[PDB]
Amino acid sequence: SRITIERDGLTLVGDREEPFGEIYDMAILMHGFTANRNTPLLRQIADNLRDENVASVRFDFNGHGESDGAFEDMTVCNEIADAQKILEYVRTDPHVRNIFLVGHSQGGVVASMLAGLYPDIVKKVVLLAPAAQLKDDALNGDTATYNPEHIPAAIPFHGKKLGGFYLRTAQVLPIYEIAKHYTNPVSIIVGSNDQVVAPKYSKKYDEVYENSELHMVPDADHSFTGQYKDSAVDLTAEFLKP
């Protein structure tokens, strides 16, 4: 069912899904850039988790979906703050037992960074085509292009203006630095035909994590479109089966 939480005066909208029972593990499900908390990928994860007794939360990040905040005011850092506030509401739920994180694309960056900040609280992590390229995209100019040494107050996209503060913080994000601090198990799932995030980024998480595995879905794209969604849902509920 439907829940809301506040972070710095903005409201975040999410959906909560529960299995039969008073106590259960709980996964926090994080989407990617310009996406929402109702992509097919995340809902099928929420349904399949529920069938193996894993509750789950999935929220619209600030500036996305039904949550508050202009798109051009989002950064990966206030998204990390969004996730800290979902983590805390989950952490105070008397029905939650263990806490898992599940992020796709830019949400996988968020998940891995919250995990390195909370390595003692988060017991398993699933990164789904995590988008660490965004730091290298910000440093280069193309994410079309711009000038990475004089970045404007916003760069036009599809109507949703991308804030210049996202880019400047994207360039200096300590993505792998913070994530290596998490030594509990990590499953990384990537598609063999992902044209959005090159292989190196996932292969780099696998080599930096101390307790990780890197699955590859043949022929799968960045989004895990259609049939590819099943192989990514299967792997993710595999990893999280209690």
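Don't overthink the numbering: it's just position in the shown sequence, from 1.
Where coordinates are absent for parts of the deposited sequence, a chain break appears; between neighbours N78 and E79 there is no such break. When the mean C-alpha temperature factors of 130-138 and 157-165 are read from the deposited coordinates, 157-165 comes out higher. Stretches 193-201 and 57-65 differ in mean CA B factor, with 193-201 having the higher one. Considering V109, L87, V102, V96 together, the PDB entry gives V96 the largest C-alpha B factor. Among the modelled residues of its chain, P119 has a C-alpha B-factor that falls in the middle third according to the deposited record. In the PDB entry, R16 places in the highest third of its chain by CA B-factor. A35 sits in the middle third of its chain by CA B factor, as recorded in the PDB entry. For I23, the recorded CA B-factor ranks within the highest third of the chain. Only modelled residues enter the ranking.
Ranked by C-alpha B-factor against the other modelled residues of its chain, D51 falls in the middle third.
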